[PDB]
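What follows is the residue order along each chain.
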Amino acid sequence: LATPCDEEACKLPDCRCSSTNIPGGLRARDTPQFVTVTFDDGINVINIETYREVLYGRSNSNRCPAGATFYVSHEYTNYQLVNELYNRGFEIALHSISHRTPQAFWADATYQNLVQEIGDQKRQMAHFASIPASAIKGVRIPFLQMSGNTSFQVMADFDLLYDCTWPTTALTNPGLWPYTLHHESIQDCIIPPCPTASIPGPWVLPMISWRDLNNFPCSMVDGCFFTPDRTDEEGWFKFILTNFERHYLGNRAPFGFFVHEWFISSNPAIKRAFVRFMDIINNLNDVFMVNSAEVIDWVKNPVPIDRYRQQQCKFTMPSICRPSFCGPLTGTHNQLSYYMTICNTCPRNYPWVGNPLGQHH
Ligand SMILES: *[C@@H]1O[C@H](CO)[C@@H](O[C@@H]2O[C@H](CO)[C@@H](O)[C@H](O)[C@H]2NC(C)=O)[C@H](O)[C@H]1NC(C)=O
Ligand SMILES: [Zn+2]
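By the naming in the PDB entry, the protein chain is Chitin deacetylase, taken from Bombyx mori.

As structure tokens, then:
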């Protein structure tokens, strides 16, 4: 059971307490503003068109490729398209093998449940997308449903670096910065149960809630209730930038744009506001559209804007896809049949929970 923070024991780069103070003792105006654009759930031939259109070719003002985090769930994911996203410099993260309903399952999952749903997905993902296992570091639990200590224990066991499942509404201005779980967390638990054990090793990357038009909090853009009309491009542009300014003109805590792709392609006016927002921050000299792992990397060794701008761009190790089209595949638990596009040789059976590489019978 974790104790309150021993500000003398908890030291970078290995340990940090839950706090709204800027890492490294930096002043806000010397602190880079990070933006983490993220997309949940399965990668397929439809939503990849949105990702190519609004993300490809972008760069930050330091000429590094602008990043984004894909919390990928396994079912109906085209792993050749995952490989493509990885090779354009975007981060591939875990969102479970099954994404199974109901949400209540994830609140209670056993250690073994999350080993098989998340821990095993790391090698599943590296295998079928043919990307370095070391590049897989992030976790978002389905339905934003925390699992107490359990998910963080699994992360420690499988060298996953950070979780981005845990929103805050009380700690948004000044915003709560990432922290480790060596000690007790001050973060509010909107979606219980939250971890209270001392679990050294993984990081919490809080989802700092947005504020909607009536000041109600929302964790994801497509979860905001009081919102401009879907056809009102200018209203959505002002809505996005107002939430962004709360960070940029505040303590500069990482600003999230957490969405499902459906919300972007279903609403062309929102997509246009979204594109304009990205165009603006790509032209700002102290704002950076990055992968979520790069936020943890900065918190671990915080540097002022001027030195951050001198750091080398992320290194994206190229990894070729040798594509295979596989099927019909079936599983022992699945009842369904499947076809798959992967960057490896075809498995004998459908990869699933308890058989993550489709290898066994
Ligand atoms: C997570 O780990 C902590 C630390 O072991 C667990 O803490 C227990 O919490 C209950 C109250 O819910 C206390 O009655 C126990 O005494 C605590 N144990 C210890 C050793 O202090 C916690 O229950 C675990 N599970 C969850 C879901 O948080
Ligand atoms: Zn999801």
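Now that the structure has been shown, the text picks up again.
Participant: Can you lay out the overall build of the protein chain for me, pointing to particular residues and giving the numbers?
Facilitator: A count of helical and extended segments in the protein chain gives 10 helices and 15 strands. In terms of overall dimensions, the protein chain is globule-like: its C-alpha atoms have a radius of gyration of 20 Å, near the 21 Å expected for 361 residues. Burial status across the protein chain gives 58% buried among its 361 residues. In the protein chain, the proportion of contacts linking residues at least 24 apart, taken out of those at least 6 apart, comes to 71%. Across the protein chain, the centroid of the 27 positively charged side chains sits 6 Å from that of the 33 negatively charged ones.

Participant: Help me get a handle on the nonpolar core, residues and values and all.
Facilitator: With 82 residues, the main nonpolar core has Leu55 and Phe70 as its most contacted residues. Contacts of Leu55, omitting those with residues within four sequence positions, involve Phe39, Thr50, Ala68, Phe70, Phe90, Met278 and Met289. Ranked by size, the runner-up nonpolar core spans 26 residues in total, among them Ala253, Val290, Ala293 and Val299.

Participant: I'd love a proper account of the state of the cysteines, names of residues and values included.
Facilitator: Counted according to the given criterion, the structure contains seven disulfides. Each disulfide pairs two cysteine sulfurs, and for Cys64 the partner residue is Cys313, the sulfurs being separated by 2.0 Å. Taking the sign of the torsion about the S-S bond as the criterion, the disulfide between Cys64 and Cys313, at about -85 degrees, is left-handed. You can see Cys64 sitting in the loop between α1 (47-55) and β2 (69-72) and its partner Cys313 sitting in the loop between α10 (305-310) and β14 (324-330), a full 249 residues away along the chain. Disulfide pairing is shown between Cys326 and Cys346; the S-S distance is 2.0 Å.

Participant: Go over the coordination of the zinc ion (ligand 2), please, and point to the residues and values.
Facilitator: The coordination sphere of the zinc ion (ligand 2) contains the protein donors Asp41 (OD), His95 (NE2) and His99 (NE2), at a distance range of 2.0 to 2.2 Å. Here the donor residues of the zinc ion (ligand 2) share one chain and are spaced in sequence as D-x53-H-x3-H. Here the residue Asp41 occupies a position in the loop between β1 (33-40) and α1, and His99 occupies one in the loop between β3 (91-94) and α3 (103-108), the gap between them amounting to 58 residues. What makes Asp41 partly exposed here is its relative accessible area of 23%.

Participant: Explain the site of ligand 1 to me, using residue names and the numbers behind them.
Facilitator: The immediate surroundings of ligand 1 are formed by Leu1, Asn149, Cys194, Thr196 and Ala197. Within the side chain of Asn149, a nitrogen or oxygen atom sits 2.3 Å from an oxygen atom of ligand 1. Here the shell around ligand 1 is built from residues that sort into three nonpolar, two polar and no charged.

Participant: Give me the environment of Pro318: which residues, what numbers.
Facilitator: For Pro318, the location among the structural elements is in the loop between α10 and β14. Looking at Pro318, the relative accessible area reads 59%, which means it is exposed. The spatial distance from the C-alpha of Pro318 to the C-alpha of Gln121 is 21 Å, given a sequence separation of 197 residues.

Participant: Lay out the side chain of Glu117 with the relevant residues and their values.
Facilitator: With respect to the helices and strands, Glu117 occurs in helix α4 (residues 111-129). A residue is classified by how much of its surface remains accessible, and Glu117, at 0% relative accessible area, is buried. At a separation of 2.6 Å, a polar atom in the side chain of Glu117 contacts the side chain of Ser98. In this structure the side chain of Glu117 is engaged in a polar contact, spanning 3.1 Å, whose partner is the side chain of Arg100. Contacts of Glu117, omitting those with residues within four sequence positions, involve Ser96, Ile97, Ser98, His99, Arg100, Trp106 and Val353.

Quick notes on the rules
- Sequence order as written determines residue numbers, which begin from 1 on each chain and need not coincide with the entry numbering; residues that lack coordinates are not included.
- Going through the entries in the order they are written, you letter the chains from A and number the ligands from 1.
- Heavy atoms throughout the structure, all of them, feed into the side-chain values; hydrogens and water do not.
- Secondary structure elements are taken from DSSP: a helix is a run of H or I of four residues or more, a strand is a run of E of two residues or more, and numbering for both begins at the N terminus.
- Note on method: radius of gyration uses C-alpha positions; expected globular size equals 2.2 Å times residues raised to 0.38.
- Working definition: with a 1.4 Å probe on protein chains only, accessible area under 20% of the residue-type maximum means buried, over 50% means exposed, and in between means partly exposed.
- Only heavy atoms matter for contacts: two residues are in contact if any of them lie within 4.5 Å across the pair.
- Neither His nor the chain ends is counted toward charge; the positive residues are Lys and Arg and the negative residues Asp and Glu.
- A single reference atom marks each charge: NZ on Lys, CZ on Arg, CG on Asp, CD on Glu.
- Definition used in this section: a nonpolar core is a set of buried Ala, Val, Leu, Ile, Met, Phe, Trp, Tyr and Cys residues joined via side-chain atoms within 4.5 Å.
- To count as a disulfide, a pair of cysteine sulfur atoms needs to be within 2.5 Å.
- A 2.8 Å cut-off from the metal defines N, O and S donors, relaxed to 3.2 Å for Na, K and Ca; water is not in the atom list, so some sites may appear incomplete.
- The criterion for a residue being near a molecule or strand is simple. One of its heavy atoms has to lie within 4 Å of it.
- Distance and chemistry together define a polar contact, namely a pair of N or O atoms within 3.5 Å, with one atom able to donate a hydrogen and the other to accept it when in protein, and with adjacent residues in sequence counting only for side-chain atoms on both sides.
- Just so you know the grouping, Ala, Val, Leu, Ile, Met, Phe, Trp, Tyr, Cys and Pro go in nonpolar, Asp, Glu, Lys and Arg go in charged, and all remaining residues, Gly too, go in polar.

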